[PDB]
């Protein structure tokens, strides 16, 4: 499947588990399971196709710092940076989902803007009344970029 976030899924009871077929390799999709969910509400007021997605900054801004800490346990003495999707089509680059009879496409660039070291984020979307989906993020789909760049700043991207 070609998404980025997991809506209405399962939660890792204990803590945060990293699961992949080959962590030493970069081509294989990384699927990190979380414990505490994060609220993501995408409303569609009404351009008319332009929507948004309110997501508390702090919650998200923390559920990447701890996420780095676990990644650092799989990559010794290496920084962990998060950067947006590098895709060529709307379906894969943006957070797409079927919300009450409509497919969305959220420019989720603001979610992955810089390194994380230990208000409300609004994401523009694509496609008359007021629609509202109330899902919760249980996990993340990531994809590491290999190559042994010597800055040792492991860049991660949401994809598959």
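Positions refer to the first chain, counted from 1.
- Counting the unmodelled positions of the deposited sequence between residue 46 and residue 47 gives a gap of 4 to 9 residues.
- Per the record, residue 118 and residue 119 are separated by 10 or more deposited residues that have no coordinates.
- Averaged over CA atoms, B-factors in the entry run higher in 12-20 than in the other of 139-147 and 12-20.
- For the pair 47-55 and 99-107, the mean Cα B-factor is higher in 47-55.
- Residue-level temperature factors show residue 28 in the lowest third of its chain, judged at the C-alpha atom.
- In the PDB entry, residue 131 places in the highest third of its chain by CA B-factor.
- Per the deposited record, the Cα B-factor of residue 68 falls in the highest third when ranked against the other modelled residues of its chain.
- Among the modelled residues of its chain, residue 155 has a C-alpha B-factor that falls in the lowest third, as given in the PDB entry.
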